[PDB]
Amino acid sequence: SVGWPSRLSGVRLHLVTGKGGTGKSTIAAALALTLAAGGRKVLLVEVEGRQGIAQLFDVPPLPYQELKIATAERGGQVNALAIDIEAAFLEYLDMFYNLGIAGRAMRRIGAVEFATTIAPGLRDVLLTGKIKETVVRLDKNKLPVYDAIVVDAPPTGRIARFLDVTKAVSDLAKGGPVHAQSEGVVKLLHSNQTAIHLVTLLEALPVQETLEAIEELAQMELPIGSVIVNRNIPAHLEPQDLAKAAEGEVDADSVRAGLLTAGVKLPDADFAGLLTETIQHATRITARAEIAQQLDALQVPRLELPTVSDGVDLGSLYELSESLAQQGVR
């Protein structure tokens, strides 16, 4: 029944997936804010070069550096890392093969863009490898630099392949240092230090993809965290009144009586119109509940976030973080 079991508080790596447009970026930032509260330091990571963090915080494009982007409750801190795949490839060539010179020459002729584009496995090795480096990084006192890492991850249709370290490494050169580092990446991803959260909307396709992703991830023995149901709406009607209204039955006599009590007398065209407005609302709720029922089969914790009435601004991220905190996210 809880949306956040205690085990999830021990997790250092949070991966936020879900279908496009369900709220991965918004919720990964709200999750980062929640985990940073109480003088903690959390890293918010994006991996597709889309600059979604900068767009969310309404700031210019972020460079390839970990930078403070938000102050969490009671002295907490959220740092941002927009991974630059081109700069990550040069970092890799220089650190693992001492080809920093070759790398710098490739950048001047657009060859790094090419190599990362023509080899999707190399791309995923660079990205998951950098994610692992942020997770295991220690300070001067052998203590973790970050309390948690939150990844605004690829969508539900790409998440299983993105975390498939064995398939990504298969198209890379045999031997060297990469094949040794990949073992540590696999170990981290499959441990109790990781959790994959799946953002969904109460719509057919986001729910279907959530189910299909959980199945693919369970087969890979990858740890599932929570299902996060975004943009919930108020029912406004009691279960019995809703079930009837979804069929076209709203007793008007009771409605007309309750309107007279509040000092409201409506004409026949406005009263009939008011009734079909509630039938249509109840038809929308019923259909959403029918879609939501498909998730009941999963023995996975579920979290719920409301709809922010206007556009998602900085203040909206704090309201969603507060909504997560009230549900036990810590």
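When you see a residue number, it is the position in the sequence shown, counting from 1.
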222 to 230 set against 171 to 179, stretch whose average Cα temperature factor tops the other in the entry: 171 to 179
Per the PDB entry, mean CA B-factor is higher for 56 to 64 or 293 to 301, namely for 293 to 301
Residue selected from 164, 147, 203, 139 by maximal Cα B factor: 139
Looking at 69, 269, 45, 33, which has the highest CA B-factor as recorded? 269
Using the B-factor values recorded in the entry, state whether the Cα atom of residue 83 falls in the lowest, middle or highest third among the modelled residues of its chain. lowest
Is residue 317 in the lowest, middle or highest third of its chain when residues are ranked by C-alpha B-factor? middle
Residue 50 CA temperature factor, ranked by third within the chain: lowest
Entry-reported C-alpha B-factor of residue 194 relative to its chain, by third, is lowest
Ranking every modelled residue in this chain by its Cα temperature factor as given in the entry, which third contains residue 210? middle
